[PDB]
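This report refers to the structure that appears directly beneath it.
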Amino acid sequence: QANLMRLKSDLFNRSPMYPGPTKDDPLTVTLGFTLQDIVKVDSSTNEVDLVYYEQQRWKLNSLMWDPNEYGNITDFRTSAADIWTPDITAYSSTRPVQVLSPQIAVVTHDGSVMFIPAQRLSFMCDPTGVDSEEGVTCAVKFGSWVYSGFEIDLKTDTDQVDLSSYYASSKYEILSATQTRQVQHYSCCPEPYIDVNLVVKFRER
Amino acid sequence: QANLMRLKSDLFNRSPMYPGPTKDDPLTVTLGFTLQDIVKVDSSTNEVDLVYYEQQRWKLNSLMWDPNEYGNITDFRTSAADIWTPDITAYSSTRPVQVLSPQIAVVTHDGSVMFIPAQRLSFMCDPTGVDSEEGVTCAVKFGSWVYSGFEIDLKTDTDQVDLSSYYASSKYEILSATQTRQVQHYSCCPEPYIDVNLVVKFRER
Amino acid sequence: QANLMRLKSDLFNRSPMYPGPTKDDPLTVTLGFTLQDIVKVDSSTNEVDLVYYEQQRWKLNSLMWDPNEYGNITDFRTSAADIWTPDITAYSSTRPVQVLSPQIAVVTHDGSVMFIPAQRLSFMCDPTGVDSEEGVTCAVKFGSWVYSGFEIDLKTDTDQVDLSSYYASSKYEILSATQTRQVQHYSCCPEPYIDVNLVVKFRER
Amino acid sequence: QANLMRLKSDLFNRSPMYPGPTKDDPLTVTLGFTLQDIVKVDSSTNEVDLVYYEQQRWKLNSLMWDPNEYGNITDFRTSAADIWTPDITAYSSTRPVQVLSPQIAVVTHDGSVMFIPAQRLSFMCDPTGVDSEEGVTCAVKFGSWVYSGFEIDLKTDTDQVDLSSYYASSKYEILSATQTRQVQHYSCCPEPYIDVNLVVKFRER
Amino acid sequence: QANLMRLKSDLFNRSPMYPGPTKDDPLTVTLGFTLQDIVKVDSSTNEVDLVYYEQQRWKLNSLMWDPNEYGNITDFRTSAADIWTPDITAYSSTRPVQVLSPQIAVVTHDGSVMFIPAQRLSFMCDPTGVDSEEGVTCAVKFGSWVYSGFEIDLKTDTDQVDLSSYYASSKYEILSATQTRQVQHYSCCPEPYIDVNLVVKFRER
Ligand SMILES: O=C1C[C@@H]2OCC=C3CN4CC[C@]56c7ccccc7N1[C@H]5[C@H]2[C@H]3C[C@H]46
Ligand SMILES: O=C1C[C@@H]2OCC=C3CN4CC[C@]56c7ccccc7N1[C@H]5[C@H]2[C@H]3C[C@H]46
Ligand SMILES: O=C1C[C@@H]2OCC=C3CN4CC[C@]56c7ccccc7N1[C@H]5[C@H]2[C@H]3C[C@H]46
Ligand SMILES: O=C1C[C@@H]2OCC=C3CN4CC[C@]56c7ccccc7N1[C@H]5[C@H]2[C@H]3C[C@H]46
Ligand SMILES: O=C1C[C@@H]2OCC=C3CN4CC[C@]56c7ccccc7N1[C@H]5[C@H]2[C@H]3C[C@H]46
Ligand SMILES: O=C1C[C@@H]2OCC=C3CN4CC[C@]56c7ccccc7N1[C@H]5[C@H]2[C@H]3C[C@H]46
């Protein structure tokens, strides 16, 4: 429809793409996980596979508009390729992440963006003890691959992983699942890198 | 030939692409499933693999034309990349869906589109009981990834999955297969959501 | 060299792309299979894997030229991406077909095209009996995914599959292999649908 | 640097790409194999996997230049996608060939090109006897997919496969490995076809 | 923001891309490995799989700028596709390397670049003795595919692999891991090639 076509043209066809954040114009990315299932455990290679929805949110001044100028449109959906997205990645995957959903974002008129890719991830975890009452704990950090906390500030809205969509007939019972922001300085370099530590304790049903 | 070339140039090369539905101009997408086989059952990971044809229908005003101005052309085939297509996806897949057919659609002069991707899907299902007389029931929801019921309404022409192409020498006997529209709210979000729930009850033949 | 560059420019750069066949301007695609090996039999999932060359031939008026105008060039080779190709698809594959050869076609001055992709196909087949003297029969239909017989007709040059390149040390002996044009009529629709049925009867050697 | 940028611009931006060889202007491609390892043997499917470097060499008038006109530049490297490359392919692979290295060619001022991709190939071979003192022989032919001997002639610099890079701790001992030009006529076609027959005799070490 | 947009436009949009190093203008690439885990050992195929970060650094005059002309910007992140990158490859992989991180690099105003792809690599290694106290040693060389030491030289900052991020619950104990620059004259080629030899001695923990 007319007004939305006009809006997208104005936002995407008139200016160079947003080049990403810098120290002088940093960006906060909010990150949250919805765990769907632990789909595989391999005790011979120490690899565990998760399926989850990863919710990312950020806000750009360059994506703002006045709804009155565009037929009262307050938000729209658009391919994630049309916009800048943050390079948030798992620090200890063992295979390329697999994307399970369309790559499409929702942009709201205040310039906020929501992008929630469904993914299957293989990561490093020794599952020894998963077949016991105590279960086993695995952990994987997510964070920007090359932006420091001076450019991208990561945060969470809550430290509790969302389990309301966890598969009811999973081989595994989730004992706990938290997602915790950490600020780390690595030996080589003075700038902080932010991560969100996904920590899941589980056992066989 | 010349008339079809002209029609496609007018439909596709003269205006911005359709930007997708909105709350003001919502769209109805009709879904239908043709189940071909249950090709894998994994009781160690609770994953089941299906091969099916997914029929999708919708109608756009911007794809309409008068056959009289285009040599009586009443419909045409065109690459799916030339047109907007709905972001219908399975909500509980465990691996990227694999497409088995050419991505080509049929567009009719009244603006209606028919697109029928053949797919192999791995999804979450505990198959315990499949080797019994009672069998086992699996279920997977399909719906838009990013549009709520505000923008995309879904429906089925029938609640019965088409089994007329089900592989006659399958490992599995289909006891029942239904495709039902559901309306649902999620704790994550304020909008009504619409999905089509594919429910298949089956046993080893 | 110069004449061939000029010809390709005239054929591909100077006109809109051919929009494919229609009822008014139908096409005939000739199909022929060269079976190289039956490379896998899976009796747990009822899947069988074939490697073969699939020969496709058709003719377009828009690909004709007078050799006298182009230095006696009578044919040329070019990327299949440069030309329209028919959407011939296996109707019962269980995985995306894998292409084993370069996608390059031969175009002749009468407008005729020859394209012969080598492929690995997994398709639905219960191989029970393969280890017996009588062997087992598998079948898979190939046809246009989106076109009816009103736009694309199919034929074979011979109903006998070419076994002259069948792997001499294969695990399997081919007892018979045929490729037969078939017509399918559906209650819903006046237009006939065409396929070529590849039927292979085989046993362990 | 400046001189090289100018040369590449002159070679690749001012003329349409070379349209490949023809009967009038045929091309000789020289082929050589460097076998690194036999990395899998499957006696249940009769498939063997090789890892090797495949050296291809040819020469094009259109790639020539006077080094005196370009700052004494005598050769340069560029992405293989920048230039025409021959459609040399294994005739009996069972899976798409996997490329293990960058795809970059070396171009020399006399118009000669050298391109040496590292590859992993699965191909048809019954390995029965590999565990014996006699070993087993496998063979796979390589040649143009669409060009006859009238357009592309193949040759080797030597009949002996290069084993100087063969993995010192391979599971397999190479007893002989040859690469031999063959001219063949096929019933399918009236003109001669050229292949290089890679023949490897090996046993478990 | 505005200044970064201008910088990228000036660096990338205003001039031809860097055509890579030459004998007249050679380059030095610094390599460092951070070994995260030995994720698979296959004694039937002699293949071992590593997961590591590979840090690459180089410097280009054409990537320099004066921060005073660009709002004090001293560095920026950009897609690796925007810049030239060196063709550093493992010389003995058995499968295509899998990239685990976004392909993005950091460019600094002196023209230096830092690119750190995380990767999973399968490579040739007979792991016999891995299950002993002595352990086993594997090695894989990394170097330019097409540039000799006269065009691309390599160096490490240290000959010790960074083991600070090695998975604490790995199946394998690392006995030693070094990364050493080597110069090699291969019988195939008159100019020597430089590699960094990654040598890992390990055993089951
Ligand atoms: O020193 C490190 C190790 C640490 O490893 C976890 C993952 C990280 C994500 N990216 C990958 C490269 C890295 C980085 C950038 C600049 C200097 C050092 C450095 N790294 C990793 C680091 C974090 C942050 C960043
Ligand atoms: O937490 C959820 C689960 C629910 O799953 C079914 C599919 C949905 C379609 N889209 C996919 C992403 C989702 C959504 C957005 C923001 C936070 C959580 C979230 N999801 C899914 C949700 C619905 C609605 C929406
Ligand atoms: O009734 C069918 C089933 C059959 O399935 C195999 C594949 C086919 C390729 N396309 C997909 C849609 C289809 C078709 C068109 C019109 C009415 C029925 C109908 N189909 C499939 C059919 C063939 C032909 C065609
Ligand atoms: O236009 C179509 C194509 C599609 O093909 C897959 C199978 C289907 C199952 N049945 C077979 C006939 C069909 C149908 C009925 C009425 C008009 C069109 C039409 N078809 C197929 C269709 C689905 C649904 C239905
Ligand atoms: O019937 C054949 C088999 C033979 O197989 C080996 C490889 C060849 C290289 N290309 C691949 C396609 C082929 C060809 C073209 C047209 C009709 C049949 C046909 N083929 C192969 C043939 C040769 C020559 C040519
Ligand atoms: O024969 C070889 C083996 C050697 O292997 C290690 C890596 C090298 C880097 N590039 C990759 C291709 C190679 C080369 C070019 C032309 C003929 C043979 C050939 N190779 C490798 C060689 C070096 C140099 C060069």
Side-chain angles (χ1 to χ4, degrees), chain C residues 1-9 12-13 70-73 75-79 81-82 102-107, chain D residues 3-32 53-89 102-117 142-157 181 193-196, chain E residues 16 19-20 22 145-147 189:
Chain C
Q1 297 302 332
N3 286 315
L4 178 53
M5 284 177 305
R6 223 182 85 233
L7 173 57
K8 297 183 72 176
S9 171
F12 302 135
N13 291 4
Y70 298 91
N72 300 314
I73 292 172
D75 58 48
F76 63 89
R77 280 78 174 156
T78 202
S79 175
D82 293 334
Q103 299 294 244
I104 305 176
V106 180
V107 184
Chain D
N3 285 305
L4 180 49
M5 285 181 300
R6 180 174 106 254
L7 171 66
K8 291 181 73 164
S9 183
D10 287 343
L11 293 173
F12 305 136
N13 293 6
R14 299 165 45 207
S15 172
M17 196 176 293
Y18 172 70
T22 64
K23 201 170 174 182
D24 286 324
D25 304 276
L27 183 63
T28 292
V29 175
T30 299
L31 266 189
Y53 303 166
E54 174 178 338
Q55 185 169 190
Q56 295 175 356
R57 289 185 264 122
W58 61 96
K59 169 195 287 199
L60 296 186
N61 287 349
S62 56
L63 287 176
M64 299 178 70
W65 72 90
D66 182 359
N68 290 326
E69 281 185 354
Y70 295 90
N72 300 332
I73 293 176
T74 54
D75 53 74
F76 67 90
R77 290 107 193 108
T78 201
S79 167
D82 289 341
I83 59 173
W84 178 88
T85 57
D87 63 334
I88 306 303
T89 161
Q103 305 279 58
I104 303 170
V106 179
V107 182
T108 303
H109 70 94
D110 63 353
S112 59
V113 184
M114 174 186 68
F115 174 45
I116 319 86
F142 294 83
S144 171
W145 193 246
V146 299
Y147 290 102
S148 76
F150 290 141
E151 293 103 14
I152 293 184
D153 192 5
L154 283 179
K155 76 164 184 183
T156 64
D157 281 347
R181 181 184 184 273
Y193 287 75
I194 318 294
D195 67 82
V196 169
Chain E
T22 66
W145 198 247
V146 300
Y147 294 101
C189 322

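Chain letters run A, B, ... following the sequence lines, proteins first and then strands; every chain starts at 1.
- Among residues two or more places apart in sequence or in another chain, the salt bridge (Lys or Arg N to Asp or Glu O under 4.0 Å) test is passed with D:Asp157 by D:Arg57.
- When every heavy atom of D:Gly20 is checked against every heavy atom of D:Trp84, the shortest pair comes out as CA-NE1, 3.5 Å.
- The residue from D:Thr156, D:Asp153, D:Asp195 that alone fulfils the side-chain hydrogen bond (donor to acceptor under 3.5 Å, both in side chains) condition with D:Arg181 is D:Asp153.
- At least one side-chain heavy atom of D:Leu31 sits under 4.5 Å from a side-chain heavy atom of D:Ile88.
- Contact between D:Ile194 and D:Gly149 at its shortest, heavy atoms only, is CG1-CA, 3.7 Å.
- Within a 6.0 Å radius of CG in D:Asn61, other residues, nucleotides and ligands contribute 12 heavy atoms or fewer.
- Contact of the D:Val107 side chain with the D:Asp82 side chain is not registered, since no non-hydrogen atoms from C-beta on lie closer than 4.5 Å.
- Atoms CE and NE2, on D:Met64 and D:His109 in that order, are 8.5 Å from each other to the nearest 0.5 Å.
- Looking only at side-chain heavy atoms (C-beta outward), C:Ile104 and D:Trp145 stay at 4.5 Å or farther from each other.
- Once rounded to the nearest 0.5 Å, the distance linking CG of D:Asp66 with CD1 of D:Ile73 reads 11.5 Å.
- Qualifying ring-ring contact (aromatic ring centres under 6.0 Å, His included) partners for D:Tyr193, counting only residues two or more places apart in sequence or in other chains: none.
- Among pairs with a residue in residues 12-25 of chain D, those fulfilling salt bridge (charged side-chain N to carboxylate O under 4.0 Å, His left out) read D:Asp10-D:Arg14, at least two apart in sequence or across chains.
- For C:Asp75, the salt bridge (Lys or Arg N to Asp or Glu O under 4.0 Å) criterion is met by C:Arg77, not counting sequence neighbours.
- The ring-ring contact (aromatic ring centres under 6.0 Å, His included) test applied to C:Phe76 returns C:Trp65, not counting sequence neighbours.
- Residues meeting the side-chain contact (heavy atoms from CB on, under 4.5 Å) test with C:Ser9, sequence neighbours left out: C:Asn13.
- The two atoms that bring C:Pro102 and D:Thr89 nearest to each other are CD-CG2, 3.6 Å, heavy atoms only.
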Does the side chain to side chain contact (heavy atoms under 4.5 Å, CB included) test come out yes or no for D:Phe12 and D:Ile83, once each step is laid out?
CA-CA 8 Å; D:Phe12 305 136; D:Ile83 59 173; 3.7 Å; yes
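- Taken from CG in D:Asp110 to OG1 in D:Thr108, the straight-line distance is 6.0 Å, to the nearest 0.5 Å.
- Nearest heavy atoms, D:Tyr70 versus D:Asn3: O-CB, 3.9 Å.
- Residues D:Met17 and D:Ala81 share a closest heavy-atom pair of CE-O, 4.4 Å.
- Within a 6.0 Å sphere centred on CD of D:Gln55, heavy atoms belonging to other residues, nucleotides or ligands number more than 12.
- Taking OG1 of D:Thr78 as the reference point, atom CG of D:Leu7 lies at 10.0 Å (rounded to 0.5 Å).
- Closest approach of D:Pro21 and D:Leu27 over heavy atoms only: CB-CB, 3.9 Å.
- Considering only heavy atoms from C-beta on, D:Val29 stays 4.5 Å or farther from D:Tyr147 through its side chain.
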